[PDB]
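Residue numbers (the entry's author numbering), protein chains in the order written: chain A, 51 to 198; chain B, 261 to 416; chain C, 298 to 446.
Note that beta-carbon positions come from the ideal geometry of N, C-alpha and C, so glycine has one too.
Below is one structure, written out as structure tokens, with a few remarks after it.
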Amino acid sequence: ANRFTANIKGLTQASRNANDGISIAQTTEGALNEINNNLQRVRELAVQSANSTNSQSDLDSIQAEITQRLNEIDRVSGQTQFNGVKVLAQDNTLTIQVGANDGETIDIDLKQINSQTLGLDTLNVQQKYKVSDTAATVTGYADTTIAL
Amino acid sequence: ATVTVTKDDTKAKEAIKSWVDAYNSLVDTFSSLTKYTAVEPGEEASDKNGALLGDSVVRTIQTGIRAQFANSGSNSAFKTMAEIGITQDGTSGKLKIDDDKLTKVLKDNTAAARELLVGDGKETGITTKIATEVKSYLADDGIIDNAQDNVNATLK
Amino acid sequence: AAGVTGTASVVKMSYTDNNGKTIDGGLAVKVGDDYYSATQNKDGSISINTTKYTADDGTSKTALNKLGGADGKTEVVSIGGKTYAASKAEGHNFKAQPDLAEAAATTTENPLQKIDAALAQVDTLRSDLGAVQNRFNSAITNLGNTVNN
Numbered sequence: 051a052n053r054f055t056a057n058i059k060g061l062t063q064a065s066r067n068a069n070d071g072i073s074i075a076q077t078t079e080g081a082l083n084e085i086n087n088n089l090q091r092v093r094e095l096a097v098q099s100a101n102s103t104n105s106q107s108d109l110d111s112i113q114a115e116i117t118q119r120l121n122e123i124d125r126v127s128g129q130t131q132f133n134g135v136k137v138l139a140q141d142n143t144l145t146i147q148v149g150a151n152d153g154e155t156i157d158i159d160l161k162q163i164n165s166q167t168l169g170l171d172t173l174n175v176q177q178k179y180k181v182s183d184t185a186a187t188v189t190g191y192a193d194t195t196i197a198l
Numbered sequence: 261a262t263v264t265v266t267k268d269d270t271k272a273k274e275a276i277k278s279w280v281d282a283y284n285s286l287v288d289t290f291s292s293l294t295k296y297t298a299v300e301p302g303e304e305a306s307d308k309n310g311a312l313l314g315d316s317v318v319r320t321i322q323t324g325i326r327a328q329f330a331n332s333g334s335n336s337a338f339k340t341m342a343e344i345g346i347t348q349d350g351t352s353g354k355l356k357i358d359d360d361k362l363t364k365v366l367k368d369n370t371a372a373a374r375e376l377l378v379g380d381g382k383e384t385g386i387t388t389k390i391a392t393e394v395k396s397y398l399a400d401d402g403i404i405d406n407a408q409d410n411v412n413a414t415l416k
Numbered sequence: 298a299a300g301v302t303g304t305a306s307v308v309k310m311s312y313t314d315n316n317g318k319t320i321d322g323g324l325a326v327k328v329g330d331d332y333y334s335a336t337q338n339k340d341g342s343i344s345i346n347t348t349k350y351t352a353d354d355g356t357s358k359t360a361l362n363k364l365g366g367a368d369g370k371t372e373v374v375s376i377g378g379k380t381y382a383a384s385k386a387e388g389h390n391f392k393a394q395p396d397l398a399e400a401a402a403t404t405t406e407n408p409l410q411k412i413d414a415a416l417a418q419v420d421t422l423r424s425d426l427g428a429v430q431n432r433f434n435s436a437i438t439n440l441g442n443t444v445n446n
């Protein structure tokens, strides 16, 4: 009876541990779905840039939303957490006890998913302007607070 | 007595809005079917969560439809929905239309849109590829039916 | 006083695009190899704009706004031998937050390739989470039945 009771209590506690594990995994998915949607919008905007006839001003305008979306990815990645665990914090592994004896666990792997790690921080589509440099029509005068 | 002939974009725009609305409703259905909700530590998922939470079929379908947007080989000058004034949100995944831009492109280059959306109808056409995949899903072997047959397992 | 000098003069850069479209630039101090944006003040001083930041040596510093970027006109700053955006560099913890990467220099190659690789990673991960979800559901069922018995 003692063996049976010990196993019963251990298995109950293991059930609750499994509760926590499933919850963390589900939250991870919840974050990843929105991350993926953002990336898909980014790809849309890139292939939009693929329109060769568009102007460099248009390219810059598009890059604006690209940057907005990248910052959004970073925000969500730094936001999502479970019970004080920043889920996407870093390349990490979790072992969750679900048995009733030593070393009886389910293993989960998590990644540092962010703009930097994915390498899309530096992504850009703009084209360098032609710039003509001249003294320009600087009308009037300068009346600086000279050190007389 | 004079007669005039011009061009009709009304029917087209008209038509397109229905498709966009249907897609948005489909996305809504996905969201409802996998509505997530956090719970206290140590307690299994909440009952209110969607019945398909954690399923892979929903992801399969949602992803499969999207890539059909990036049609391949279409001779249409445009290669993306933005060029025709339709954009997809990166946070919600829903489709929106800049109606006036759509009108302008309709009057301008309707032929390119024809080719992009349908064209010959053999392989060109986002609607063409999408119809292929949607039929595949709806098939007797289609993922939904084979998952509803592993759920005719969940049943029988 | 910055210690680097040259053909220091007041200019207003003007612009052109591949389409040859008429586009204008802005006021800056031409030096030569470097061009630094300038603001016109109430006293007529064409003062070169500067960027504030936390120095990588532990102090607080500020440096002139140099034009650049992938467009060639963005205001950028150089810290630790590398050029970073003026917009980002403002007051950032350059000392112990190296997350601020260099401002894009030119057009990016195969951005579609990069995007596709990232999306592949994301999809693979999501599938893994689904698999482990199913594993845990099986585990809970096992535990319930075993406890009953």
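Simplified DSSP state of residue i, which is helix, strand or coil
i	result
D314 of chain C	coil
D400 of chain B	coil
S73 of chain A	helix
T347 of chain C	strand
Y296 of chain B	coil
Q410 of chain C	helix
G60 of chain A	helix
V318 of chain B	helix
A275 of chain B	helix
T319 of chain C	strand
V135 of chain A	strand
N410 of chain B	coil
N142 of chain A	strand
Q98 of chain A	helix
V308 of chain C	strand
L422 of chain C	helix
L364 of chain C	strand
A150 of chain A	coil
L82 of chain A	helix
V92 of chain A	helix
Below-9 Å beta-carbon distance, residue i vs any chain A residue
i	result
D349 of chain B	yes
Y332 of chain C	yes
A261 of chain B	no
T320 of chain B	no
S334 of chain B	no
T443 of chain C	yes
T302 of chain C	no
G388 of chain C	no
Any chain C beta carbon closer than 9 Å to residue i
i	result
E115 of chain A	no
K178 of chain A	yes
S316 of chain B	yes
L61 of chain A	yes
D152 of chain A	no
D171 of chain A	yes
Nearest neighbour of residue i, chosen from the options [CA to CA]
i	options	result
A186 of chain A	C:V326, C:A299, C:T403 and C:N316	C:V326
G441 of chain C	A:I72, A:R53, A:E79 and A:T62	A:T62
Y283 of chain B	B:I321, B:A261, B:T264 and B:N369	B:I321
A372 of chain B	B:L362, B:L286, B:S336 and B:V280	B:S336
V135 of chain A	A:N57, A:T194 and A:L160	A:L160
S105 of chain A	C:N346, C:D353 and C:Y312	C:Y312
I346 of chain B	B:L293, B:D409 and B:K364	B:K364
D331 of chain C	C:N316, C:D354, C:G369 and C:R432	C:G369
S316 of chain B	C:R423, C:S375, C:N446 and C:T443	C:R423
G324 of chain B	B:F338, B:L376, B:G402 and B:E274	B:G402
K389 of chain B	B:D360, B:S334 and B:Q408	B:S334
N-terminal and C-terminal residue of the beta strand (DSSP E) that residue i is part of
i	result
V373 of chain C	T371 to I376
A360 of chain C	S357 to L361
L160 of chain A	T155 to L160
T347 of chain B	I346 to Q348
Start and end residues, alpha helix (DSSP H) containing residue i
i	result
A335 of chain C	That residue, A335 of chain C, is in no alpha helix (DSSP H); its beta strand (DSSP E) goes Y332 to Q337.
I123 of chain A	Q106 to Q129
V301 of chain C	Looking at the DSSP string, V301 of chain C is not in any alpha helix (DSSP H), and its letter there is neither H nor E.
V181 of chain A	Not the alpha helix (DSSP H): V181 of chain A falls in the beta strand (DSSP E), residues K180 to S182.
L355 of chain B	Segment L355 to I357 is the beta strand (DSSP E) holding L355 of chain B; no alpha helix (DSSP H) there.
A383 of chain C	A383 to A386
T167 of chain A	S165 to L168
Cβ-heavy atom distance, residue i to the ligand ATP, below 8 Å
i	result
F338 of chain B	Absence of the ligand ATP is noted for the structure shown, with no ligands found whatsoever.
Cutoff 9 Å: residue i Cβ touching any chain B Cβ
i	result
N164 of chain A	no
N434 of chain C	yes
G427 of chain C	yes
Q430 of chain C	yes
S111 of chain A	no
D340 of chain C	no
Give the residues from the segment 120 to 133 of chain A that approach chain B closer than 8 Å (Cβ to any Cβ), ordered along the chain. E122, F132 and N133
Which residues, in chain order, does the segment 351 to 384 of chain C contribute to contact with chain A at a C-beta distance below 7 Å? Residues passing the 7 Å Cβ filter: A367, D368, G369 and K370.
So if I threshold CB-CB distances at 7 Å, which residues from the segment 296 to 309 of chain B count as touching chain A? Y296, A298, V299, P301, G302, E303, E304 and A305
Tell me which residues of the segment 304 to 315 of chain C have at least one Cβ-Cβ distance to chain A shorter than 9 Å, keeping chain order. Taking 9 Å as the upper bound on Cβ-Cβ separation, chain A lies near residues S306, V307, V308, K309, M310, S311, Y312, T313, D314 and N315 of the segment 304 to 315 of chain C.
Between the segment 338 to 372 of chain B and chain A, which residues of the former have CB atoms less than 9 Å from a CB of the latter, in chain order? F338, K339, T340, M341, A342, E343, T347, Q348, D349, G350, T351, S352 and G353
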